[PDB]
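Undergrad: Let me begin by handing over the structure; questions about it come next.
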Amino acid sequence: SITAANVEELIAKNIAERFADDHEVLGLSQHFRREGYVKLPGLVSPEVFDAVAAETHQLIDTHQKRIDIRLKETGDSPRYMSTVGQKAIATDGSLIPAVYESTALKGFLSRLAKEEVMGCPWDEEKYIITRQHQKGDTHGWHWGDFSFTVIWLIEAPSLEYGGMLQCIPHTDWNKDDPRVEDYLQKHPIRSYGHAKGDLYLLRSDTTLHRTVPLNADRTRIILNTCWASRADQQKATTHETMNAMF
């Protein structure tokens with residue numbers, strides 16, 4: 001049994017075992033910086049992942065709310081999904097709030113980012129859950145308010161049914177003039193596939209990204225743990241997108 005009291009040890013020993021090659025870590029850091037994204041297999045042990053997955057499933061069953069909205073601040077891109085907010089996770093969750101404070105996890109991500117990865121200054125963006133479960137469900141084109149986002153693939157169908165991540169790095173989010181279509185025309189799109197058990201890190205504030213809409217009745221669930229930079233702390237932020245989805 002994995003608990004909030006013994007999880008930080010299990011995270012640190014897995015990181016010490018999985019990421020011993022400094023040359024491998026250097027390539028992962030360079031991938032993250034170049035592409036705004038890097039896949040991180042084995043970021044946590046399978047046993048730690050399965051425990052977090054179980055807690056996420058319990059939180060979905062007791063708190064998920066359906067949304068079907070389009071966000072003007074991201075070019076009217078859709079958010080067709082069911083979701084669980086941070087306040088619900090901080091109240092009835094245990095492993096997820098503890099993992100978010102993991103010094104070992106934030107220390108490894110700091111190696112990749114080449115700067116201090118620390119807690120989000122807005123509590124309601126620390127961790128969220130989304131569940132795509134209908135044909136057409138999608139997390140539309142958007143940026144993030146903060147810098148370092150880790151996505152946990154709790155459940156996912158085969159990629160012929162949707163869910164593919166697409167990214168354009170080294171962009172910016174202008175909430176008054178997002179110009180999403182202009183970004184797609186001016187830059188190539190990189191697509192990344194993921195399956196259950198995968199974790200990936202994404203520079204959300206400068207990487208325009210979305211998930212390809214589900215084309216069938218399938219289930220795709222992710223946990224979003226979002227950390228921030230030092231400049232993010234004193235950053236004047238309005239949270240209109242999070243207020244609408246959560």
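Residues in the structure tokens are named by chain (A, B, ... in the order shown) and by number from 1 within that chain; ligands are numbered from 1 in the order shown.
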Within 7 Å of range 181-197 of chain A, which residues of range 149-171 of chain A come that close, and what is the closest atom pair and distance in Å for each? Count only C-alpha atoms and give it as a tab-separated table.
TA:
residue	atom	partner	partner_atom	distance
A:153	CA	A:196	CA	5.0
A:154	CA	A:196	CA	5.5
A:155	CA	A:196	CA	5.0
A:156	CA	A:196	CA	5.6
A:159	CA	A:193	CA	6.9
A:164	CA	A:193	CA	5.2
A:165	CA	A:192	CA	5.1
A:166	CA	A:191	CA	4.3
A:167	CA	A:190	CA	5.3
A:168	CA	A:189	CA	5.6
Undergrad: Would you please extract all strand (DSSP E or B) residues from range 58-227 of chain A, as assigned by DSSP on the backbone, and give them as a PyMOL selection string?
TA: chain A and resi 65-71+77-84+118+127-132+138-139+142+148-155+165-168+190-192+199-203+208-211+220-227
Undergrad: Applying 12 Å and only C-alpha atoms, which residues near residue 231 in chain A remain after dropping the ones on its own chain fewer than 5 positions away? List them as a short mmCIF file (atom, residue, chain, number, x, y, z; two decimals) with C-alpha atoms, in the first residue's frame.
TA:
data_model
loop_
_atom_site.label_atom_id
_atom_site.label_comp_id
_atom_site.auth_asym_id
_atom_site.auth_seq_id
_atom_site.Cartn_x
_atom_site.Cartn_y
_atom_site.Cartn_z
CA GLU A 115 15.98 26.27 -13.47
CA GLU A 116 14.06 25.83 -10.24
CA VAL A 117 10.72 24.06 -10.71
CA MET A 118 8.51 25.07 -7.79
CA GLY A 119 4.92 25.24 -6.64
CA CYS A 120 2.23 27.10 -8.54
CA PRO A 121 1.33 30.45 -6.93
CA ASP A 145 -0.66 30.23 -17.42
CA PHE A 146 2.42 28.58 -15.87
CA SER A 147 5.59 26.93 -17.05
CA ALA A 236 0.17 39.03 -12.66
CA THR A 237 -2.19 36.26 -13.79
#
Undergrad: Do you know which residues are at most 7 Å from range 131-143 of chain A counting only C-alpha atoms, after dropping those on the same chain fewer than 6 positions away, and could you put them as an NGL selection string?
TA: :A and (74 or 77-83 or 173 or 204-222)
Undergrad: To one decimal place in Å, what is the distance between CA of residue 57 in chain A and CA of residue 17 in chain A?
TA: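 Separation between CA of residue 57 in chain A and CA of residue 17 in chain A: 28.2 Å.
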Undergrad: Which neighbours of residue 38 in chain A fall inside 10 Å, counting only C-alpha atoms, when residues of the same chain fewer than 4 positions from it are skipped, and could you give them as a PyMOL selection string?
TA: chain A and resi 27-34+112+150+192+199-203
Undergrad: If I take CA of residue 19 in chain A and CA of residue 99 in chain A, how far is one from the other in Å, to one decimal?
TA: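 Between CA of residue 19 in chain A and CA of residue 99 in chain A the gap works out to 18.2 Å.
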Undergrad: Have a look at A:178, A:46, A:36, A:93 and name the one nearest to residue 58 in chain A; count only C-alpha atoms.
TA: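 Nearest to residue 58 in chain A: A:93.
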Undergrad: As a PyMOL selection string, which residues of range 9-246 of chain A does DSSP assign to alpha helix (DSSP H)?
TA: chain A and resi 9-18+22-35+46-63+86-92+95-100+103-113+180-186+230-233+240-245
Undergrad: What does the distance between CA of residue 90 in chain A and CA of residue 242 in chain A come to in Å, to one decimal place?
TA: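 According to the coordinates, CA of residue 90 in chain A and CA of residue 242 in chain A are separated by 15.9 Å.
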Undergrad: Find the residues near residue 15 in chain A: any atom within 12 Å, counting only C-alpha atoms, skip ones fewer than 2 places away on the same chain, and give them as a count of residues only.
TA: 28
Undergrad: Pick out the closest residue to residue 4 in chain A from this set: A:101, A:125, A:22, A:172. Count only C-alpha atoms.
TA: A:101
Undergrad: Neighbouring residues of residue 224 in chain A were defined as those with any atom within 6 Å, considering only C-alpha atoms; residues of the same chain fewer than 4 positions away were excluded. Please report them as a PyMOL selection string.
TA: chain A and resi 127-128+150-151
